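Chains as they are written, first to last, in the deposited numbering: chain B, 2 to 233; chain I, 55 to 108; chain M, 2 to 61; chain F, 1 to 155.
Cβ coordinates follow ideal geometry from the N, Cα and C atoms, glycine included.
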Amino acid sequence: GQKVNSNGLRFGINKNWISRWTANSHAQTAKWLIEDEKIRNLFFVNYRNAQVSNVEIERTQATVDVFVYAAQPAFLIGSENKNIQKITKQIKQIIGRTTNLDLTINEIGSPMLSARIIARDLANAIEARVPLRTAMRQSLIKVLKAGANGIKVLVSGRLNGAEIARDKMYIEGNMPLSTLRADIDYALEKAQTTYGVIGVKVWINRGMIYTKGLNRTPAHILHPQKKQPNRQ
Amino acid sequence: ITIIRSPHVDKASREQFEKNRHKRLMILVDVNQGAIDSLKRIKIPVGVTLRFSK
Amino acid sequence: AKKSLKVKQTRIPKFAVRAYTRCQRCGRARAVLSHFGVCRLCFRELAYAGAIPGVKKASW
Amino acid sequence: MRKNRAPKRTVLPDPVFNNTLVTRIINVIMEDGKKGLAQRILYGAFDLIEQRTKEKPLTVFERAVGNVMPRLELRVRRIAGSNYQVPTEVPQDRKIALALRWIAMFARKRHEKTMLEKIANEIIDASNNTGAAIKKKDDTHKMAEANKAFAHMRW
RNA sequence: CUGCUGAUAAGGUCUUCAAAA
RNA sequence: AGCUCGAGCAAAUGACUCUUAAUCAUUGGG
RNA sequence: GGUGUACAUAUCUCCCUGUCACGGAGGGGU
RNA sequence: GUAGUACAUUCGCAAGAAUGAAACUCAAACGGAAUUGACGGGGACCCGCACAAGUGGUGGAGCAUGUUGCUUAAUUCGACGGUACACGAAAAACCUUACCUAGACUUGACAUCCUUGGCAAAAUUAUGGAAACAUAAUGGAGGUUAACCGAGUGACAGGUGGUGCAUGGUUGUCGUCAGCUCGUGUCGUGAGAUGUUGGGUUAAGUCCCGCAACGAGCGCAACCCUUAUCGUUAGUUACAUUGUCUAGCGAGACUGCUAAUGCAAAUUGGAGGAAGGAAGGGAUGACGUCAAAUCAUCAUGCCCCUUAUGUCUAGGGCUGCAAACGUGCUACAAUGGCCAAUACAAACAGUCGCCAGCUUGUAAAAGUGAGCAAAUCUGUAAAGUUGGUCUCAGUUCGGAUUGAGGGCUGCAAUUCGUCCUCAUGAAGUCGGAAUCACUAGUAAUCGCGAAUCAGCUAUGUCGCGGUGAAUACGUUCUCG
RNA sequence: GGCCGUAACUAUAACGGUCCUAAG
Ligand SMILES: [Mg+2]
Ligand SMILES: [Mg+2]
Ligand SMILES: [Mg+2]
Ligand SMILES: [Mg+2]
Ligand SMILES: [Mg+2]
Ligand SMILES: [Mg+2]
Ligand SMILES: [Mg+2]
Ligand SMILES: [Mg+2]
Ligand SMILES: [Mg+2]
Ligand SMILES: [Mg+2]
Ligand SMILES: [Mg+2]
Ligand SMILES: [Mg+2]
Ligand SMILES: [Mg+2]
Ligand SMILES: [Mg+2]
Ligand SMILES: [Mg+2]
Ligand SMILES: [Mg+2]
Ligand SMILES: [Mg+2]
Ligand SMILES: [Mg+2]
Ligand SMILES: [Mg+2]
Ligand SMILES: [Mg+2]
Ligand SMILES: [Mg+2]
Ligand SMILES: [Mg+2]
Ligand SMILES: [Mg+2]
Ligand SMILES: [Mg+2]
Ligand SMILES: [Mg+2]
Ligand SMILES: [Mg+2]
Ligand SMILES: [Mg+2]
Ligand SMILES: [Mg+2]
Ligand SMILES: [Mg+2]
Ligand SMILES: [Mg+2]
Ligand SMILES: [Mg+2]
Ligand SMILES: [Mg+2]
Ligand SMILES: [Mg+2]
Ligand SMILES: [Mg+2]
Ligand SMILES: [Mg+2]
Ligand SMILES: [Mg+2]
Ligand SMILES: [Mg+2]
Ligand SMILES: [Zn+2]
Numbered sequence: 002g003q004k005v006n007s008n009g010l011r012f013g014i015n016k017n018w019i020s021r022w023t024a025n026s027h028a029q030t031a032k033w034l035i036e037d038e039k040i041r042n043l044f045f046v047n048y049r050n051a052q053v054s055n056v057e058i059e060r061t062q063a064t065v066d067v068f069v070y071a072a073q074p075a076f077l078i079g080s081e082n083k084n085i086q087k088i089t090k091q092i093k094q095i096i097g098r099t100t101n102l103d104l105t106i107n108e109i110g111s112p113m114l115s116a117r118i119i120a121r122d123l124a125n126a127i128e129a130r131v132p133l134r135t136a137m138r139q140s141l142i143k144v145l146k147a148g149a150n151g152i153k154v155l156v157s158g159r160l161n162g163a164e165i166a167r168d169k170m171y172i173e174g175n176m177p178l179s180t181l182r183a184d185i186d187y188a189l190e191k192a193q194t195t196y197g198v199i200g201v202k203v204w205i206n207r208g209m210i211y212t213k214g215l216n217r218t219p220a221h222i223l224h225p226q227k228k229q230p231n232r233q
Numbered sequence: 055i056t057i058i059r060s061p062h063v064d065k066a067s068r069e070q071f072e073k074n075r076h077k078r079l080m081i082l083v084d085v086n087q088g089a090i091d092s093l094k095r096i097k098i099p100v101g102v103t104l105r106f107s108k
Numbered sequence: 002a003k004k005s006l007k008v009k010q011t012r013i014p015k016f017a018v019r020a021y022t023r024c025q026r027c028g029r030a031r032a033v034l035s036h037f038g039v040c041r042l043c044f045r046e047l048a049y050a051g052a053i054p055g056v057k058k059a060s061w
Numbered sequence: 001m002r003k004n005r006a007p008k009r010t011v012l013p014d015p016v017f018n019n020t021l022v023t024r025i026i027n028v029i030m031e032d033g034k035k036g037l038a039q040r041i042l043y044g045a046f047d048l049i050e051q052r053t054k055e056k057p058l059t060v061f062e063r064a065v066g067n068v069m070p071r072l073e074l075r076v077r078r079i080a081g082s083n084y085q086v087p088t089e090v091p092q093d094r095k096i097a098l099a100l101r102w103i104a105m106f107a108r109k110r111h112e113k114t115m116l117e118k119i120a121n122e123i124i125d126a127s128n129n130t131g132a133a134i135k136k137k138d139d140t141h142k143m144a145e146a147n148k149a150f151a152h153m154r155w
């Protein structure tokens with residue numbers, strides 16, 4: 002049957018919030034809730050070739066701070082910091098010139114075990130007419146070789162352009178979805194194929210969190226150094 | 055906040071969400087500049103909200 | 002007809018009671034949360050994505 | 001297909017006459033969850049019994065319930081057409097419960113004035129083996145005696 | 001422990017493929 | 001009226017369903 | 001009486017059942 | 001299949017027996033054996049408010065709301081057994097709105113790409129106006145065009161238009177039931193089987209023994225929240241009858257000890273304990289079935305419209321009405337009606353708001369007007385207790401319907417808001433065949449709060465507390 | 001012995017309802 006969202010079930014217990022701010026009134030709460038959505042959607046739908054794993058937003062009465070974790074931040078940086086100013090102006094237009102922007106790019110360590118970029122690669126391969134069995138097999142084998150626990154990939158839709166929708170699942174390793182202690186990262190993406198839309202959902206297991214607390218700690222960004230700038 | 059799960063029908067199947075505004079109080083008798091200047095450099099995290107009343 | 006209705010909602014009317022609250026992300030008119038300015042079906046998505054700070058699932 | 005026997009909650013002794021049956025009949029005449037109203041009804045009826053019979057109300061009440069209290073129960077068991085009944089001996093607890101239930105049901109139907117006097121007169125009438133609960137007990141007893149033949153087969 | 005207990009319009013998806021990694 | 005004595009069939013249009021049948025209404029047609 | 005002589009059949013409503021029939025409750029028509 | 005039929009022949013008193021085709025038609029056959037499921041008015045075992053034992057209802061009346069049908073210019077569309085019908089819709093007078101009538105518009109109400117300038121868009125006042133829109137005004141923030149304000153300009157924008165049987169996402173249901181599989185190995189020519197069946201124990205494919213199986217994954221359980229006892233931290237805006245209360249951390253309950261029997265899991269009883277053997281409740285819902293629901297939250301393949309199926313506005317409509325069904329409220333009453341005094345909550349909410357007090361009014365409310373951005377101020381607790389009166393009647397029950405006078409919101413209350421007062425006083429006296437919910441603070445019953453909301457016969461939805469029951473012998477029957 | 005209705009071109013009625021008789 003239907004299952005609750007893996008991220009939503011674990012939020013507020015073993016996962017911190019992607020946007021951390023306290024608005025003044027109900028009128029401002031909607032504007033701030035929509036502007037952050039616009040910024041995140043921008044960073045995800047465009048500038049996709051940089052493998053942006055996640056973007057967090059942190060706002061005060063008047064100051065906006067953006068933390069963009071990316072696997073290949075060279076594409077965000079551009080040639081001698083060219084596209085950086087373009088995305089800065091895009092964000093400033095999105096929120097407002099009256100505020101102070103503190104954009105900060107962060108190179109994410111051990112990218113392979115991140116469901117967002119795994120799903121994005123899956124969707125890109127699907128859209129590029131790559132055969133599905135080979136695509137999922139190579140993604141699963143590279144994810145496992147990255148040194149993580151089980152990964153479950155569900156790819157549904159008009160499969161290979163067929164007129165009857167199917168679904169194909171590959172679980173390889175233990176994926177306890179009912180357990181709350183487990184560190185399960187879940188992402189979902191849409192491959193826009195010439196025959197319609199394909200939905201790819203990737204669950205990845207990254208061990209068990211044996212330290213009680215609302216995170217306040219990096220999650221698989223720490224194995225190598227996670228120090229990139231563009232801030233003040 | 056109670057929200058119906060389904061997109062179209064089945065109002066019976068509905069989930070719930072909560073938001074808690076945890077609140078603490080702390081009153082200082084006499085501070086003076088010697089304490090105020092040190093208090094200036096605290097950098098309270100964004101989630102925390104101050105309601106200083108003088 | 003949805004784009005015209007969204008634009009008309011943003012535009013101020015000539016009477017005060019003419020004004021209604023639509024969702025800001027989507028354009029749904031009914032079942033809009035004035036606390037968040039977002040309809041129920043987008044509030045669920047934002048809460049499951051972690052966009053709204055402090056909105057955790059309730060156990061009572 | 002349950003294979004579990006239900007527990008039993010305490011009956012509690014009455015805090016006036018120290019007779020559990022008083023509390024039981026209070027709970028039986030309970031309606032809308034009004035313990036105060038039920039207790040008032042019972043104690044007013046007992047005071048009317050004092051005023052009329054000139055005897056101990058607890059003794060009169062016991063004499064009424066013991067006389068109304070049945071012996072046999074007829075359990076419906078259908079096989080092909082209609083139902084052939086089965087006489088079975090009842091436990092003492094269910095015996096008392098049925099007696100109290102019949103007393104209350106036939107008390108809340110009599111033609112008289114306030115339910116105080118209604119139940120009081122029903123109790124005094126059942127104390128002398130002439131009443132409506134008496135007729136009910138007589139009817140079930142006669143039906144069981146008629147259908148004594150099928151007592152051997154129960155299920 | 002043998003009461004009674006009858007019927008359900010037509011045609012239809014759904015496996016594309018292992019060549020292989 | 002196309003047929004049997006405005007009626008009922010026949011025909012058509014839609015509703016209905018994955019599509020039909022059946023059904024539902026409407027309907028021209030002396 | 002709509003059909004055979006107030007009756008039955010038939011008609012309508014509600015139960016029954018996945019649905020229909022059967023079955024059960026009620027109503028009306030010379 | 002025709003068909004053991006027809007003709008001819010032999011036997012027989014007769015029924016008939018023996019012998020026995022073809023024309024025509026199909027791609028297979030009431031073919032054989034075996035396998036996996038489903039089903040059985042076939043057995044064995046086990047579960048669930050399923051049956052049983054009780055409580056209170058529904059079907060009968062009036063009203064609210066939804067639906068079917070019919071009507072209409074439209075009565076927008078969707079949901080249709082369980083799993084639709086107080087459902088989408090957590091607010092239809094205008095807007096919403098997608099429908100009808102009518103008045104107006106065309107790279108358009110909104111957007112990008114291009115050649116191009118910015119020395120505007122608003123808002124409001126005049127006249128025409130049902131308003132859209134037109135002719136004139138203050139010609140406007142700003143920052144030289146940043147955003148936006150334009151001209152030219154063709155790609156195009158736009159669609160709540162069709163297809164949920166082309167899809168993504170989300171959801172109902174079996175079902176919180178205990179199942180669904182895989183790797184290696186073995187058996188079989190093969191589908192396939194084993195493990196997963198067998199014996200004990202559980203809510204459990206939970207665990208332990210046995211065993212051609214050895215292991216593993218999802219599901220189960222635990223980890224998460226809350227209620228029940230206590231310690232510590234802190235004492236204002238709580239308490240201030242001094243240790244309640246609020247919220248961080250922690251202790252506590254682990255079949256931990258004991259007796260019985262079992263190989264072992266484990267089952268039952270006792271002790272201490274606030275709590276005992278999943279302590280109560282919640283979140284948590286496997287593979288898949290129903291081509292289940294949604295193109296009308298959103299996104300999207302394909303088809304269709306492109307001076308119209310796109311856009312603005314005014315009016316009407318979604319509120320109709322011989323009827324039928326579902327879900328609820330109110331009752332048919334002395335366990336009560338009315339009047340007076342009066343005690344005891346929790347949770348939540350509040351600066352276009354909560355509104356204390358006072359004055360006015362029969363009352364809805366009006367005016368004045370403090371307090372509160374809130375453990376501080378505000379949002380009257382009712383059932384309950386006592387007293388008075390009614391005295392079993394279609395009534396001092398019941399309030400529908402109807403006429404009149406007012407209050408509030410709002411440009412605007414006729415279609416179509418709700419409240420108060422006065423007046424009228426339908427049905428209904430326990431509801432046929434047949435059905436629903438519920439196993440303790442549960443059913444029943446009484447109030448309070450919030451969401452959407454200018455306002456709303458929400459009697460609906462989501463929450464909180466006060467009083468507070470009856471029954472479970474058992475699986476013969478009934479559904480799953 | 002009668003009467004009435006009834007099959008997806010028409011036609012008919014395998015079938016159904018009912019009155020009477022000793023039986024049609
Ligand atoms: Mg749209
Ligand atoms: Mg409104
Ligand atoms: Mg029978
Ligand atoms: Mg037949
Ligand atoms: Mg269709
Ligand atoms: Mg032969
Ligand atoms: Mg044959
Ligand atoms: Mg079955
Ligand atoms: Mg059976
Ligand atoms: Mg029962
Ligand atoms: Mg009721
Ligand atoms: Mg009714
Ligand atoms: Mg549609
Ligand atoms: Mg409709
Ligand atoms: Mg449909
Ligand atoms: Mg309208
Ligand atoms: Mg200027
Ligand atoms: Mg210039
Ligand atoms: Mg479907
Ligand atoms: Mg099995
Ligand atoms: Mg075996
Ligand atoms: Mg075994
Ligand atoms: Mg669990
Ligand atoms: Mg369908
Ligand atoms: Mg459904
Ligand atoms: Mg569309
Ligand atoms: Mg209009
Ligand atoms: Mg409606
Ligand atoms: Mg009284
Ligand atoms: Mg005070
Ligand atoms: Mg007051
Ligand atoms: Mg009293
Ligand atoms: Mg009457
Ligand atoms: Mg009255
Ligand atoms: Mg009116
Ligand atoms: Mg009466
Ligand atoms: Mg139970
Ligand atoms: Zn929305």
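For chain M, find out if any of its Cβ atoms is closer than 8 Å to the Cβ of residue i; answer yes or no.
{"i": "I58/I", "result": "yes"}
{"i": "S26/B", "result": "no"}
{"i": "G79/B", "result": "no"}
Anything in chain B within Cβ reach of residue i, meaning under 7 Å, just list it in chain order.
{"i": "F37/M", "result": "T30, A31 and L34"}
Using only CA atoms, which one of the options lies nearest to residue i?
{"i": "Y48/B", "options": "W204/B, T105/B, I165/B and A75/B", "result": "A75/B"}
{"i": "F106/I", "options": "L79/I, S92/I and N74/I", "result": "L79/I"}
{"i": "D47/F", "options": "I124/F, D139/F, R108/F and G131/F", "result": "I124/F"}
{"i": "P70/F", "options": "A97/F, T10/F, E122/F and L21/F", "result": "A97/F"}
{"i": "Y196/B", "options": "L160/B, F45/B, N50/B and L141/B", "result": "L160/B"}
{"i": "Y84/F", "options": "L21/F, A146/F and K54/F", "result": "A146/F"}
{"i": "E190/B", "options": "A124/B, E38/B and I58/B", "result": "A124/B"}
{"i": "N175/B", "options": "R138/B, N231/B and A183/B", "result": "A183/B"}
Could you tell me whether the Cβ of residue i comes closer than 8 Å to any Cβ of chain B?
{"i": "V100/I", "result": "yes"}
{"i": "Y49/M", "result": "yes"}
Beta-carbon of residue i versus every beta-carbon of chain I: anything under 8 Å?
{"i": "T100/B", "result": "no"}
Name the chain B residues that come within less than 8 Å of residue i, Cβ to Cβ?
{"i": "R26/M", "result": "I35 and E38"}
Using a Cβ cut-off of 9 Å, pull out every chain M residue sitting near residue i, in sequence order please.
{"i": "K77/I", "result": "The contacting residues do not exist; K77/I stays about 13 Å from chain M at best."}
Closer than 7 Å: is that where the CB of residue i sits relative to any heavy atom of ligand 1?
{"i": "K15/M", "result": "no"}
What I want to know is whether the C-beta of residue i ends up closer than 7 Å to one or more non-hydrogen atoms of ligand 23.
{"i": "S26/B", "result": "no"}
Just to make sure I have the definition right: I need the residues of chain I whose C-beta is within less than 9 Å of the C-beta of residue i. Which are they?
{"i": "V56/M", "result": "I55, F71, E72 and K73"}
Along chain I, in chain order, which residues have C-beta atoms closer than 8 Å to that of residue i?
{"i": "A59/M", "result": "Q70, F71 and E72"}
{"i": "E59/B", "result": "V100"}
> Looking at chain I, which residues of the region 11-26 of chain B have a Cβ within less than 8 Å of any of its Cβ atoms?
Replying inline: The region 11-26 of chain B vs chain I, Cβ under 8 Å: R21, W22 and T23.
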